[PDB]
Structure formats: C-alpha cells, structure tokens
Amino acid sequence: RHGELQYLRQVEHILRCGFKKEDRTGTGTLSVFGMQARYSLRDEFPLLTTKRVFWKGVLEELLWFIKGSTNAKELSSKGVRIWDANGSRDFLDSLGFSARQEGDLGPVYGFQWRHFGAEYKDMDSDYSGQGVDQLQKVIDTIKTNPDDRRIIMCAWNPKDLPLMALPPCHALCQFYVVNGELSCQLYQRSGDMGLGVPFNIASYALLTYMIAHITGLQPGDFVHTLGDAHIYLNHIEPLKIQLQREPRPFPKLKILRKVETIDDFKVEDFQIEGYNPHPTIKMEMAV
C-alpha cells in the first residue's frame, strides 16, 4: 500500500472526528491527540505527491540544523524563508526579546542538537566544545552498538525554553537498527497537517538517509508520532481539495557522492528522482 495514504487517512480522520480547539495564534483548529504512521524508506523517499513539497527548503533547513545554526538569516540567504517570520524584529519583540538581533531564533534545533546544556548567549557566539553533541553521539553509537535502545536526540530543553522564539515541535527522535536497516521515530508535539507535517516528514526521512549513508546501513522505516495533530480552520478547503487527488509513486533519493561525516554533506550531494507531484496548494501560516 502507498505510504502517503497514511497521511491522507490522518487528515480525513481529523476532518471527521477531530474536535474544535482554540490555539495560541487565535486561528483555531480541528484537533486529534495521538497519531502514528510508518513511512518505508526502502528504495523510496516519502516526499508527498498529492501536493508539491518545497524540497529545497527541506534540504537547506536540515544542513542549517546540522551546522548548528540558530540564525534565520543564514537560512534566508539560501532562498529559504520558512523561519524568517519567527526571527523577525517585530515577532522577537513580541516575546520580550528586544535586545536580540534579528534572525536569532534562540536555543533551538541547531544549538540543542550540537550543544545541549551549554549556556546560550547569542546566535553567533562561539560554542565549540560546549554542551552535548547529540548528533555525533547518535552517529557514534549506531556504528559501535547498533542494538542500543537509547539512541536519542532531544531538542526539548526545559531549561532553555524561555529563550526560544518557538519551542521545538520535534521534541525528540530515536534511532533503531535491526537487520542492517536504520529506522527513525520522531515525536512531534504539535503538527500543522497542511503546512509543517509534509515538510517535517521529508526532513526526518532525509536525516535518516544521511545517517544511514554515514554508518554504512540501509534506510528502514521513519515512524511519525504526533501529539496535537491539527488542521487550521483556514486550511480545510485546500486540504479537502488535496484528498481528492490520487498519490503517485514516491520519488527516490540519490546521494551523489561518498560522504564520511555528517558535517561534510552539501546540497549538491542530493538528487530527488521521479518526483511528479500534483500542483502546489497555497496555505497561509498561522503566526
């Protein structure tokens, strides 16, 4: 069965059985608490086909995470503005971060992934050798003890939450190895089904491909687990259109060079093959 039907059944389930629920943005949602889907990574890549996904944004964002950046400007210069609103002067001031330079998202993914527990100052501070490099520790463990049931990268950092422009939606992920296959499970505390979720699925599918390549393993499964899975009210019509389209076979992901360390990946090393999505569907971002 086509993996994308799981995403579609979830959207359908929220539309039929979800409850109306207010939210921080004042937009309102239809919401379900607790969902799980499994996307095979074996000779296919779960880039959704019922709408075109901004794949370039996914790849640049992840490389930006990996090099430890929490500066939206360093991502916007690549032509990816998905974090620009959250780092804007007006939104930062909206949370009391008046002394903060524009673009500074606070101690979010890049900082927690490479520097968990270090003392956060500025997005451009030097943090070399500070905190826990969870990304490299996950990589080292997969190589030396693939049976380990503790292979976790955690972005949720209660001590640092008050400094984040947006507390991470992807609280943590866990990796798992059996039969030479590398699987990943993401715990997403909050999922915008129309905008973020398709993006996030591709993001962690890519991360698994990158780490599988670095560790000499094959991609297995990506398990997507949701807390508050919601459809914003102004996404109902677009998503009702999207459910009527039929999915096309998932594209493939090719890695064009042999890479030795996670840090050496560059955009040019990746190529999506056979991606024939339905047209884009515009959906406004609740801020």
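Numbering starts at 1 and runs along the sequence shown. For the two forms, the rigid core is made up of the largest set of C-alpha atoms that agree within 1.5 Å on superposition.
Core superposition of the other structures onto this form places the C-alphas of 21 to 29 farther off in 8 other deposited structures of this protein than those of the other stretch among 21 to 29 and 267 to 275. After superposition on the rigid core, the larger root-mean-square Cα deviation in 8 other deposited structures of this protein belongs to 102 to 110, not to the other of 141 to 149 and 102 to 110. Compared with the other entries of this protein, residue 2 is consistently built, present in every one of those that build its neighbours rather than absent from a third. Averaged over their C-alpha atoms, the temperature factors of 275 to 283 and 9 to 17 are higher for 275 to 283. Taking only CA atoms, the mean B-factor in the PDB entry is higher for 38 to 46 than for the other of 38 to 46 and 224 to 232. Per the deposited record, 89 carries the highest C-alpha B-factor of all listed residues (170, 149, 159, 89). Among all modelled residues in its chain, residue 79 ranks in the middle third by Cα B-factor. Residue 96: CA B factor in the highest third of modelled residues in this chain (values from the PDB entry). Among the modelled residues of the chain, residue 70 sits in the lowest third by CA temperature factor in this PDB entry.
Among the modelled residues of its chain, residue 244 has a C-alpha B-factor that falls in the highest third according to the deposited record. Ranked against the other modelled residues of its chain, the C-alpha B-factor of residue 165 as given in the entry falls in the middle third.
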